[PDB]
Amino acid sequence: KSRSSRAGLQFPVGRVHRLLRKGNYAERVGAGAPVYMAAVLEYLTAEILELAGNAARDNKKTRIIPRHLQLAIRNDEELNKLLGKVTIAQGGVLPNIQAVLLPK
Amino acid sequence: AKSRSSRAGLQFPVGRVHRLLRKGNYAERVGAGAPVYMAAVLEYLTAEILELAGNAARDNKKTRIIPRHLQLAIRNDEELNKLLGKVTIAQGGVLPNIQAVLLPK
Amino acid sequence: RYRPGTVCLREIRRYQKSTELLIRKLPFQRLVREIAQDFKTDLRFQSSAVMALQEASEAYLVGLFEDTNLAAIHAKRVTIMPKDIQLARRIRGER
Amino acid sequence: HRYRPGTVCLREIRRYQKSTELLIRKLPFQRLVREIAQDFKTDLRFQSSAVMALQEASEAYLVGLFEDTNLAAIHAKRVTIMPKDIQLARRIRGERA
Amino acid sequence: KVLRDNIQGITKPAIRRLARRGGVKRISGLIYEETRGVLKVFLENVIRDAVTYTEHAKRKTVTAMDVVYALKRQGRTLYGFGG
Amino acid sequence: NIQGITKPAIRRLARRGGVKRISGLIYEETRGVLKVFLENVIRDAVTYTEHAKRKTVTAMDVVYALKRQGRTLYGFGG
Amino acid sequence: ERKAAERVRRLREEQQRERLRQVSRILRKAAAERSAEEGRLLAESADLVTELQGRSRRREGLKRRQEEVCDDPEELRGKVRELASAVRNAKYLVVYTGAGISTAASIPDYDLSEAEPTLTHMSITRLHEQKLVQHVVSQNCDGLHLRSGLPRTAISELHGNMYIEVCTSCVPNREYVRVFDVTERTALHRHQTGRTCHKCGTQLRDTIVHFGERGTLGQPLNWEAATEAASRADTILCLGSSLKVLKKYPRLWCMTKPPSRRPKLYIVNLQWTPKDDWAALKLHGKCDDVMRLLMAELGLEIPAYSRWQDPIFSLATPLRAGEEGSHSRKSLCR
Amino acid sequence: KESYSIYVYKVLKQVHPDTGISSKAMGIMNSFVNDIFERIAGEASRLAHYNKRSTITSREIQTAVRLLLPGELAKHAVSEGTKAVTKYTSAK
Amino acid sequence: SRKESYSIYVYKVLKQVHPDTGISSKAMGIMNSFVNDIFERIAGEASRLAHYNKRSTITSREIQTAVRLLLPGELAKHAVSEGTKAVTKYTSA
DNA sequence: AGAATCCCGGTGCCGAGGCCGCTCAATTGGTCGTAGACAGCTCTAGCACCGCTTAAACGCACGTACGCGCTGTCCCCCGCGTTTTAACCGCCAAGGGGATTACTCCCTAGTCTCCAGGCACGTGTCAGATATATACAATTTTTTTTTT
DNA sequence: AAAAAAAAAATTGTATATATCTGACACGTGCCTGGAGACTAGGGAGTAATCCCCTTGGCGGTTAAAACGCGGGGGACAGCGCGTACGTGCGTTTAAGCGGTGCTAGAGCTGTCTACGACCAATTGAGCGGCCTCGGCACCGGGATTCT
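Just so you know, the sequences run in chain order C, G, A, E, B, F, K, D and H.
Counting from 15, one number per residue, gives the positions in the first sequence under PDB author numbering.
Counting from 14, one number per residue, gives the positions in the second sequence under PDB author numbering.
Counting from 40, one number per residue, gives the positions in the third sequence under PDB author numbering.
Counting from 39, one number per residue, gives the positions in the fourth sequence under PDB author numbering.
Counting from 20, one number per residue, gives the positions in the fifth sequence under PDB author numbering.
Counting from 25, one number per residue, gives the positions in the sixth sequence under PDB author numbering.
Take the seventh sequence: its letters are residues 10 to 119, 139 to 362, numbered as in PDB author numbering.
Counting from 34, one number per residue, gives the positions in the eighth sequence under PDB author numbering.
Counting from 32, one number per residue, gives the positions in the ninth sequence under PDB author numbering.
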């Protein structure tokens, strides 16, 4: 009967409610705003984990590594735009060889 | 002395900055000496920028400072450039510079 | 007739000393109205916003201009080529 | 035999873009971190976590600088890097005014 | 009236003047269209952020304040227009 | 003391960047730039240190320093 | 260094600026108007007023260069006697027509058809029939020297003769003459007479060259012919020249060859020019009067110009059909 | 210390039941979730300041979601959030 | 309604530095933007670091640290000294 | 033919997901002070149009300086071998400082009352535009002279 | 006889002095709202004590890593020839820009009244700390395929 359950969402909302109230963001907090924040959170987590799992399966691996999430965050343009200035731990770089440097 | 600015010998307001601090949603309670520090650092920054602006003004035989003059002042200071090399000034232009390789030989 | 380049540097310094605005207001205003009408129809703009857009666009374009100038002079060239702007934009962090 | 110059370069490029291990030896790094930090005040203590954070942050930022310089070099119609490429990178990214 | 054919409203001498302010001595013949494209993409970005800031306040008129908030949102704070 | 970064290490970290050829005047400028960025980050971290009345700097302080420069790093309690 | 150090050396720069501005202020006002105690800084800075007087005197000297200078008629006629000896003794000689001769012939100083050859052109032509003068280089673009009777090979014009037009199509090129001036049809940046050749049938190109374009035809006017004529001369002469047009092209003088090896050069002009002081013999006077007096020592009468006697009209080819309405200025009649 | 480990794990099991995950990648996930938290809440805060309002609601944060995130992603997020808040308000 | 600005105070400091210098309106706009921008910046890192060390109060120390954060070496050395003498002058009376 | 890399199998080993237990935090419930949703009135700025004077854009052609390709040179890193060396692991000791708990002083918030500093407004007068008419150092290019 | 250097003059922007006027900056004023003076209360912060986690330090092995030398080959760089694309100037066309003139959608403020969010006592379960057990993955090695 939790608010996460009556909302159908997974991440906590009362936790979000408190950390909004103690966040020094406003003297008052709305009611459905943390439900929104949790929903968009589950979204972004869902697609990042989707593409991370695609990367893991592409390497014939059943577990995740920072390398796979790096590949996932680099291959797609939208998440690259979002994760522009962010440097990832143990991620590496996309393999790329420039054309005229290759032998003829 | 009644005004707090005159009490500390500062020329920016203490009540106004204190009110901005309280009505800023930064902390639920505020100390007493913070506005004095704020006014002091504001004095220092505004004074140092206006000094070089006036220097630029008397450089070109002009008695009135213009944001072009402030642009000249801000682009020729090593540290203040690190302060605000990030910002953009209105109708400020650019300092003249030509690469030596571009000059005729 | 002056040798080729003296007029170039003349214009360089003439507009380096200048502080005014270098794009005609009516065409760029028409452009901003056209590009903005794609998001919500029957928009109304005020003058302050359009001169703000003036100044911001001019500042960016000037900045990327000396950036490409540096890129081109690094290429032992005096001519600027599109590869210069593609490099400048790639390495600045956009795209 | 003797490989033509470049085959080993491509091999090492492939192996190092397939690896995620830290690249520089740790003890010289702790030495340099201590010997740059002690100048502001004396008698400091450090933990391993901060040191590795500094290590991998520096490694990422530097490798980024290097693809930047590589683009500058290939645009320069060259296959060899020179200091002026790094100077141009510091010009573009704006950290150096 | 619907607006079309206005990216060409920025003229070749204007771009030449802007390049001269940039400190450039020679201009290639293939620069103008790509400068136009860069200007188009940056304008679309700034107008999108500004217009979103505009309907956020339930307003039907764009504000220069919205423009300022957007421009410092792209980390391009601009001086002398309030704020 | 700055010579502690060996030439082979610089060569390898240039390899990871995709470089094939290295000049003879690269190492000193690499050392200088690393020195200056390290001194920036350590200044920020040490200031964060004396603020809160502790004699030892923690890793999360380094995380604060790097996130201030828009260089956020993951996997260390961020 | 220290920001206090920044302030202090800014202050010393300021005191340098104020002392320079106040020395300038003390310099500006005249000594007579100012008080005795004032100007002591100016008095000790006597070098400053020295270069101030130098500036004043050099502007005055430039003004004297522009303004016309006269010499005494008797010293003029003596120097012209020496000039007559020099022109008689030389087997080959070159004379340079000048812009003073242009002003005498109403040609602007540095229409054209209505202008007639001046009496100076008469005297130069007379020298040519006497063969004392072998070659002449003309500043003026009028072609009035050709009207005077000058042999076309003997006269070389760097601007070009307005009446003559030379086709650019043919490699040897085709030479035609038209009495009327063609500046009305011709314009800057375009080099076409618009008159088809009677034989070739291609549009002619006027021998005159405008300002801002280069003539690519050597037949209308031959540079190396003028250089060789200058070299062959035992001595070089110029008369009534502001010289600026001849200053434009050095080769026609052959100034390139060393002053010692070249034939000695003398220039006569009412207006001052650098070649005037460069010349060993200098004469200040009106060019027409000087040439008349030179003819007087030579004992040979000055010729009288006549349209029938002017060669250009007969050298002129008949005008193409329909070209009469094309030109704004009417064709000359002999 | 507080972390979102269990909730993220529920998201995994609802999307990928047959998948195993380490702890480091979880640290990256926690840092990522916190980061978008500060971005979204902070820009909502400047929105509340800008319009001279003192109450935080769903409107400023939904506009923020439109603001920082690309078109397809933005429309998906706003649609899901509206359906979630409507479901929340439906049951009391 | 009424609008708040810094015109009188900055004009006073103009007199204190330069008694015989004028001013323009665009100059007032740009300096007002400067004072605002620096104010929210400094208060921003102050609030962040006050949250950071789990303290609910803000004083001279956190803002002194913030000044030494964003301001380069010599400028910061001057700013800390001026602020200290100012605060001791205020608290002494 | 040949070294370098992908692929399959076997074995060991420590982290990952479960399970147990407990405690602070999420949830109910009610209640009271308070912000904004809505209507309405108002006043102001953006839009649209018109006419006109004029400065800029354009099209063109001509020339020439530059980008580019090619050739020759020389030269300086690369790959491999061999000697050198310090990094890393594992282990063991010791002291400091980070963290927690308890406690008492005192500094900000809050409220009321009263006054003076800043703001909107108005008017004078003077610094800078604006046109007009000029000086002026730098430079640069050409000529002339000197040296080999 | 030819090349290089110095001087002088002519350009070339480059800077300038000055008469008129005009609109914008500076100064005077009423007042009203925020800032200042005084008192109270209460929770947050400064200070003392403890410990045990952790950081610093030392030492022996060994072992991969680093350092140096040398032959050589590909790459950088300079020079030359040539085609052309772009600078530059002039005649022509166009639309930007200023000045009124008018309208109206639309921002801003005012009033209220109700719905919504803060506060606090009870209370109960979901989340966090410890321990485990065992399987997914690393490691050494053998073989399968792949550029040179």
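Note that beta-carbon positions come from the ideal geometry of N, C-alpha and C, so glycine has one too.
Among the options, which has the Cα closest to the Cα of residue i?
i, options, result
"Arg55(F)", "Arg129(E), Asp106(E), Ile130(E) and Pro121(E)", "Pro121(E)"
"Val111(D)", "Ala60(C), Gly105(C) and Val54(C)", "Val54(C)"
"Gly327(K)", "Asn168(K), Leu155(K), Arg34(K) and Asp305(K)", "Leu155(K)"
"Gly114(D)", "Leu63(C), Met51(C) and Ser18(C)", "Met51(C)"
"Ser36(H)", "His49(H), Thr52(H), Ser56(H) and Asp51(H)", "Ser56(H)"
"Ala47(G)", "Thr90(H), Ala107(H) and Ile69(H)", "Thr90(H)"
"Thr82(F)", "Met62(H), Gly60(H) and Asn84(H)", "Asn84(H)"
"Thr255(K)", "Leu147(K), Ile295(K), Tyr105(K) and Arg218(K)", "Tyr105(K)"
"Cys169(K)", "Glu193(K), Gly70(K), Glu76(K) and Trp306(K)", "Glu193(K)"
"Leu65(A)", "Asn25(B), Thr73(B), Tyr72(B) and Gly94(B)", "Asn25(B)"
Under the rule that 16 or more other beta-carbon atoms within 10 Å means buried, what is residue i, buried or exposed?
i, result
"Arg78(F)", "exposed"
"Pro117(C)", "exposed"
"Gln27(F)", "exposed"
"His187(K)", "buried"
"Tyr39(G)", "buried"
"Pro80(C)", "buried"
"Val17(K)", "exposed"
"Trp336(K)", "exposed"
"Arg53(E)", "exposed"
"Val46(E)", "exposed"
"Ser64(H)", "buried"
"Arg223(K)", "buried"
Which whole-angstrom value is the C-beta distance of residue i and residue j, which I expect to be below 8 Å?
i, j, result
"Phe100(B)", "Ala91(A)", "5 Å"
"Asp80(K)", "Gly313(K)", "6 Å"
"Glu76(H)", "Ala97(H)", "5 Å"
Roughly how many angstroms separate the alpha carbons of residue i and residue j, rounded to a whole number?
i, j, result
"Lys20(B)", "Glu352(K)", "55 Å"
"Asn73(C)", "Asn64(F)", "39 Å"
"residue 137(A)", "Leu85(G)", "This structure does not reach residue 137(A), given that chain A is present from 40 up to 134, and the question cannot be answered."
"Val66(H)", "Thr96(B)", "13 Å"
"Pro82(K)", "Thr196(K)", "49 Å"
"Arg39(B)", "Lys99(G)", "23 Å"
"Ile54(H)", "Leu58(G)", "17 Å"
"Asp123(E)", "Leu58(B)", "27 Å"
Please confirm whether residue i and residue j have their CB atoms less than 9 Å apart.
i, j, result
"residue 15(F)", "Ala88(E)", "Coverage of chain F is limited to positions 25 through 102, which leaves residue 15(F) absent and any answer about it impossible."
"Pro248(K)", "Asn189(K)", "yes"
"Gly48(F)", "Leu100(E)", "no"
"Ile51(E)", "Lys44(F)", "yes"
"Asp262(K)", "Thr211(K)", "no"
"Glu325(K)", "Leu92(K)", "yes"
"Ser359(K)", "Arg213(K)", "no"
"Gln24(G)", "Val44(H)", "yes"
"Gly171(K)", "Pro331(K)", "no"
"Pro26(C)", "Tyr121(D)", "no"
"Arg233(K)", "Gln220(K)", "yes"
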